[PDB]
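Enquirer: First the structure, which I've put down as structure tokens, then a few questions once you've had a look.
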Number of protein chains: 16
Amino acid sequence: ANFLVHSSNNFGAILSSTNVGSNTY
Amino acid sequence: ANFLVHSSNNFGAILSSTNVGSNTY
Amino acid sequence: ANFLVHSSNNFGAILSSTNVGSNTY
Amino acid sequence: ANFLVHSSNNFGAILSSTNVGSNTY
Amino acid sequence: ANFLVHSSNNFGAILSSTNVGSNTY
Amino acid sequence: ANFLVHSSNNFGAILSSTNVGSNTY
Amino acid sequence: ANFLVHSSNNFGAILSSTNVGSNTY
Amino acid sequence: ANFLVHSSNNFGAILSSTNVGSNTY
Amino acid sequence: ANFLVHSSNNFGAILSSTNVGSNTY
Amino acid sequence: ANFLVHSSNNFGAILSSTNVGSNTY
Amino acid sequence: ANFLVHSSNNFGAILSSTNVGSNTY
Amino acid sequence: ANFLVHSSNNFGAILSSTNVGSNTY
Amino acid sequence: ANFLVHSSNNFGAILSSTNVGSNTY
Amino acid sequence: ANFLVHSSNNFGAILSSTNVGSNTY
Amino acid sequence: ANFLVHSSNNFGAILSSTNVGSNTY
Amino acid sequence: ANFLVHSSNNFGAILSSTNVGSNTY
Ligand SMILES: [N]
Ligand SMILES: [N]
Ligand SMILES: [N]
Ligand SMILES: [N]
Ligand SMILES: [N]
Ligand SMILES: [N]
Ligand SMILES: [N]
Ligand SMILES: [N]
Ligand SMILES: [N]
Ligand SMILES: [N]
Ligand SMILES: [N]
Ligand SMILES: [N]
Ligand SMILES: [N]
Ligand SMILES: [N]
Ligand SMILES: [N]
Ligand SMILES: [N]
């Protein structure tokens, strides 16, 4: 899996993942 | 899975994932 | 897996991973 | 796996990993 | 695995690893 | 594995490793 | 493995290693 | 393995090693 | 000035201040 | 000035201050 | 000035101060 | 000035101060 | 001034002070 | 001034002081 | 002034003082 | 002034003092 992101002063949340099982936030 | 995002001063939330099981936010 | 990110004064959270099992945040 | 990140005064959290098993945060 | 990061006064946490087994934080 | 990092007055934690087995923090 | 790091008054923790077996912190 | 580090009044911990077996901290 | 806020898992940005001079985000 | 905030797993940025002069983010 | 905050696993940045002069982030 | 904070595994930065003069981060 | 804080495995920076004059980070 | 803090494996920096004059970090 | 702190394997820096004059770190 | 601290394998620096005059680190 490749991860390429370009951010600049982001007050917001940037989520990007791949879960095979249960996950909690 | 590839992840390519371009953001700039985003006050909003940017969600992008793939869950196979249960997930909570 | 490759990891390339470019950030600059980001008050927000930047998540980017790949979980095969259960994970909690 | 390659890890290349460019940050500058980031008050936010920058997560980037690859877990094969269970992980907790 | 190569590790190249450029940080400057980062109050946030910068995580970047590759776990084959279970890991806890 | 190569390790090249450039930090300057970082109040945050900078983690960068590669574990084949279990690890705890 | 090469180790090159440049720090200056870092109140934060800078971890950078490569473990083949179990490790605890 | 080469070891080159440049520190100046670092209150934080600077870890950089390569373990083939189990290690505890 | 009083500051009372109640948040719970907010992916969005919550700004609330009072500037008398110029300010940039 | 009083500061009372209640947060729980907030991926977003929570800003709350009072500047009399110029400020940059 | 009183400071009372309750946080729990916050990936986001929580700023809360009062500046009379110029300040940079 | 009183300082009471309750944190638990916070990857984000928690700033809370009161500056009368100029300050830089 | 009273200082009471409760932290547990915090990868983020926790700042809490009161400066009457100029301060740099 | 009273100082009571409870930490456990904190990779982040925990600052808590009261300066009447100029201070540099 | 009373000083009571409880730490356990802290890789981060724990500062807690009260300066009336100028101080440098 | 009373001094009571409990540490265990701390790689980080633990500062706790009270200066009335100028001090350098
Ligand atoms: N969460
Ligand atoms: N959530
Ligand atoms: N979490
Ligand atoms: N956590
Ligand atoms: N943790
Ligand atoms: N830990
Ligand atoms: N540890
Ligand atoms: N340890
Ligand atoms: N910004
Ligand atoms: N910024
Ligand atoms: N900044
Ligand atoms: N900074
Ligand atoms: N700094
Ligand atoms: N510093
Ligand atoms: N310093
Ligand atoms: N110093």
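Ligands are numbered from 1 in the order shown, residues from 1 within each chain, and chains are lettered A, B, ... in the order they appear in the structure tokens.
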Excluding residue 14 of chain H and any residue of its chain fewer than 6 positions from it, enumerate the residues within 10 Å of it, using only C-alpha atoms, and give them as a CSV table (one decimal) with N, CA, C and O atoms, in the first residue's frame.
Expert:
chain,number,residue,atom,x,y,z
F,14,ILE,N,9.0,11.8,18.2
F,14,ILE,CA,9.3,11.4,16.8
F,14,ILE,C,9.7,9.9,16.8
F,14,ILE,O,10.9,9.6,17.1
G,5,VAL,N,21.6,12.1,12.5
G,5,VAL,CA,20.5,12.9,13.1
G,5,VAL,C,21.1,14.3,13.5
G,5,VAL,O,22.2,14.4,14.0
G,7,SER,N,19.9,17.3,15.9
G,7,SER,CA,18.9,17.9,16.8
G,7,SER,C,19.4,19.1,17.5
G,7,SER,O,20.6,19.4,17.6
G,10,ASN,N,15.8,19.6,21.9
G,10,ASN,CA,14.6,18.8,21.7
G,10,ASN,C,14.0,18.3,23.0
G,10,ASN,O,14.6,17.4,23.6
G,12,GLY,N,11.3,16.8,23.2
G,12,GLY,CA,10.6,15.5,22.8
G,12,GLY,C,11.5,14.4,22.6
G,12,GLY,O,12.8,14.5,22.6
G,13,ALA,N,11.0,13.2,22.6
G,13,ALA,CA,11.8,11.9,22.4
G,13,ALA,C,11.9,11.6,21.0
G,13,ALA,O,11.0,11.7,20.2
G,14,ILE,N,13.2,11.2,20.6
G,14,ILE,CA,13.5,10.9,19.2
G,14,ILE,C,13.9,9.4,19.1
G,14,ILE,O,15.1,9.1,19.4
G,15,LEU,N,13.0,8.5,18.8
G,15,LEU,CA,13.3,7.1,18.6
G,15,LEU,C,13.5,6.7,17.2
G,15,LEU,O,12.7,7.1,16.3
G,16,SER,N,14.6,5.9,17.0
G,16,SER,CA,14.9,5.4,15.6
G,16,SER,C,15.7,4.2,15.7
G,16,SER,O,17.0,4.3,15.9
H,5,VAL,N,26.0,11.9,15.0
H,5,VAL,CA,24.9,12.7,15.6
H,5,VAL,C,25.4,14.1,16.1
H,5,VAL,O,26.5,14.2,16.6
H,7,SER,N,24.1,17.0,18.6
H,7,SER,CA,23.1,17.5,19.6
H,7,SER,C,23.6,18.7,20.3
H,7,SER,O,24.8,19.0,20.4
O,11,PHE,N,10.6,9.0,28.3
O,11,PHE,CA,11.5,9.4,27.3
O,11,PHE,C,11.4,10.9,27.0
O,11,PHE,O,12.4,11.5,26.5
O,12,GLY,N,10.3,11.5,27.5
O,12,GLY,CA,10.1,12.9,27.3
O,12,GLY,C,10.7,13.7,28.4
O,12,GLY,O,11.0,13.2,29.5
P,11,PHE,N,14.7,7.9,30.8
P,11,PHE,CA,15.7,8.4,29.8
P,11,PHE,C,15.6,9.9,29.6
P,11,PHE,O,16.5,10.6,29.0
P,12,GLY,N,14.4,10.5,30.0
P,12,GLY,CA,14.2,11.9,29.9
P,12,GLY,C,14.7,12.7,31.1
P,12,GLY,O,15.1,12.1,32.1
Enquirer: Pull the strand (DSSP E) assignments for chain P out of DSSP run on the backbone, and list those residues as a ChimeraX atom specification.
Expert: /P:2-6,14-19,23-24
Enquirer: Take the residues from that selection and put them in a file with C-alpha atoms, as a PDB file, in the first residue's frame.
Expert:
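Saved as part05.pdb:
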ATOM      1  CA  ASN P   2       9.837  19.610  50.111  1.00  0.00           C
ATOM      2  CA  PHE P   3      11.165  17.322  47.376  1.00  0.00           C
ATOM      3  CA  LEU P   4       9.500  13.962  46.732  1.00  0.00           C
ATOM      4  CA  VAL P   5       9.975  12.221  43.386  1.00  0.00           C
ATOM      5  CA  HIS P   6       9.525   8.622  42.236  1.00  0.00           C
ATOM      6  CA  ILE P  14      13.357  15.718  35.122  1.00  0.00           C
ATOM      7  CA  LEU P  15      13.787  19.347  36.177  1.00  0.00           C
ATOM      8  CA  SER P  16      12.140  20.781  39.291  1.00  0.00           C
ATOM      9  CA  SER P  17      13.532  23.865  41.030  1.00  0.00           C
ATOM     10  CA  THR P  18      12.801  27.418  42.176  1.00  0.00           C
ATOM     11  CA  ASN P  19      15.155  30.211  41.114  1.00  0.00           C
ATOM     12  CA  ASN P  23      19.836  30.757  35.797  1.00  0.00           C
ATOM     13  CA  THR P  24      21.331  29.109  32.704  1.00  0.00           C
TER      14      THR P  24
END
Enquirer: Within 7 Å of ligand 7, counting only C-alpha atoms and all ligand atoms: which residues, as a list in words?
Expert: residues 25 of chain F; 24 and 25 of chain G; 25 of chain H; 9 of chain N; 9 of chain O
